[PDB]
Structure formats: structure tokens, C-alpha cells
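Visitor: If you scroll down you'll find the structure; I have some questions about it.
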Amino acid sequence: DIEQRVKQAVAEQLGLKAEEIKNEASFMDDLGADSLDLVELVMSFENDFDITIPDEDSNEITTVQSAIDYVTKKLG
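Numbering (my numbering), first residue to last: 33 to 108.
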């Protein structure tokens, strides 16, 4: 249930809905998330998935698919 954890974390953190979250939905462009919700969201991503995300690819996360594609391959 990677899809439920990823979508639930974003929807729960910002008060949005998992079904309203799209794969091609930009975080800053649509939700207007700043680095506070993006750094904290990836902060929670590290605690829940147990992986590390450097700023090298951190600056590449722009859409929901960036979060899922990168963490799905980073899980193992």
C-alpha cells in the first residue's frame, strides 16, 4: 500500500484529498506548498520509509509523481 501511504501523507498533512491528488499535480504550482511542507513532508518520508533524500534529487521533486517515482525506486 505505497499509494495509500504517499497520498494519505500529502492529503493529511495539507488537508487535501487523496483522490484530488494527481500524479501530474505540481506541489508548489497547485497546492502552493513551500519548503516548510516539502522539507517536512520529505522529513516524514524519511522516518516512515526509512530512506534518505538528498537535496541533489530534492530539488527535482516538483510533482506528486516525483515523490512516488523517486521513493518507489528508493524503497529497494
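Note that beta-carbon positions come from the ideal geometry of N, C-alpha and C, so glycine has one too.
Please classify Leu107 as buried or exposed, where buried requires at least 16 neighbouring CB atoms within 10 angstroms.
Guide: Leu107 is exposed by the Cβ-count criterion.
Visitor: Between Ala41 and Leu73, is the Cβ-Cβ spacing less than 8 Å?
Guide: Yes. Within cutoff.
Visitor: Which same chain residues end up closer than 6 Å to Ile93 when comparing Cβ atoms and leaving out the 5 residues on each side of it in sequence?
Guide: Contacts found: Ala99.
Visitor: Whole angstroms are fine: how far does the CA of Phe59 sit from the CA of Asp89?
Guide: Each residue's alpha carbon lies about 15 Å from the other.
Visitor: Are the CB atoms of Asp69 and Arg37 nearer to each other than 8 Å?
Guide: For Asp69 and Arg37, no; Cβs fall outside 8 Å.
Visitor: Please name the residue in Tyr102, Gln97, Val96 and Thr95 whose C-alpha comes closest to that of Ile85.
Guide: Closest option to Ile85, Cα to Cα, is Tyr102.
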